[PDB]
């Protein structure tokens, strides 16, 4: 259960460039259906235009995941489309974003315990296009389990996990009405932050919040979060003592003063130690059948013939959950950490993740190199080599 926010009340009177990966869900085999993914990350502002292209032409039915953001405030989103790869068809992803002067086109290259309850809140103004878009997204660990999205005629909280369907109507009604009240606070804060930052009246701006708690197996609060950002930059945050505020900016000092006088840190500490812990306990219980499950990576090495007497070995980890993983290459028992190439871990689109790490090695020396895969789901680390 998310907190009821208090207005920031800053008083009366920033671009990040997207990173893009294009890759298939399953290893491509010509003639057999697959999914092509376009994973776009690390961008701010959240407005973005993603097209997928086949032989230079816009692909019609392209699915878009809901947009999320990470702890560094940057947004991410997965686009995908059904496709059957052929030997000669070219695919690409084209991304248009205010950080870039021209659209970016990225071509598909066949060589491709404690628990936490956190709410990720986004409010984005859209002047001349409608009311601000407001979203509340709840996660137990990294599992999204509830979502409120204002961009609907009769918006309301919806379960994003089957185990939340147990909750009765009184729960959904309470959460929905609280979200609609929260939406109003952020609408007002968006208006007043314009003046506090001496900004023009016609641009889109964003408020982001991370709010929640991390709780140990003994049921004691390990960490509480109440962090705000404006236009992708830190604004104010509750300190680990749950008593004082860090204001990252001159504008936020006005909020800090008001919240001190109003005792907002004590209201937060009570929510965190009370409602937040109790809700997490409740959600962990109903989600017990699925929330603790892990999927171990399946790994294999591919071989790619490079210029002259060098080859690339690529160590793949597929189908794993959660996303945290480590891949290393070894020669003679030493880790080649500085000569590897890696990709950022990326969703397959079915709930599991992919990653690979490659090293360039002398032709004929491939058997001297070992890839190592470290994941919490494995009994012990995987060790593998290239096999013709």
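Numbering follows the first chain given and starts at 1.
Trainee: How many residues that are in the deposited sequence but not in the model lie between residue 190 and residue 191: none, 1 to 3, 4 to 9, or 10 or more?
Mentor: Missing in between: none.
Trainee: Please say, as none, 1 to 3, 4 to 9, or 10 or more, how many residues of the deposited sequence are without coordinates in the interval between residue 13 and residue 14.
Mentor: Missing in between: 10 or more residues.
Trainee: Between 286-294 and 139-147, name whichever shows the higher mean Cα B factor according to the PDB entry.
Mentor: Result of the comparison: 286-294.
Trainee: In the PDB record, does 162-170 or 269-277 carry the higher mean Cα temperature factor?
Mentor: Mean C-alpha B-factor is greater for 162-170.
Trainee: Taking the Cα B-factors listed in the entry, which of 30, 328, 68, 41 comes out highest?
Mentor: It is 30.
Trainee: Per the entry, which of 85, 224, 181, 132 tops the list for Cα B factor?
Mentor: So the option with the highest C-alpha B-factor is 85.
Trainee: Where does the C-alpha B-factor of residue 324 rank in its chain, lowest, middle or highest third?
Mentor: Answer is lowest: the recorded C-alpha B-factor places it there.
Trainee: Going by what the PDB entry lists, where does residue 382 fall on CA B-factor within its chain: lowest, middle or highest third?
Mentor: It falls in the middle third of the chain.
Trainee: Give the position of residue 306 by CA B-factor within its chain, expressed as the lowest, middle or highest third.
Mentor: For residue 306, whose C-alpha B-factor we compare with every modelled residue in the chain, the answer is the highest third.
Trainee: Where does residue 214 sit by CA temperature factor within its chain: lowest, middle or highest third?
Mentor: According to the entry, residue 214 has a C-alpha B-factor in the chain's lowest third.
Trainee: Quick check for you: using the entry's CA B-factors within this chain, is residue 98 in the lowest, middle or highest third?
Mentor: Residue 98: CA B-factor falls in the middle third of its chain.
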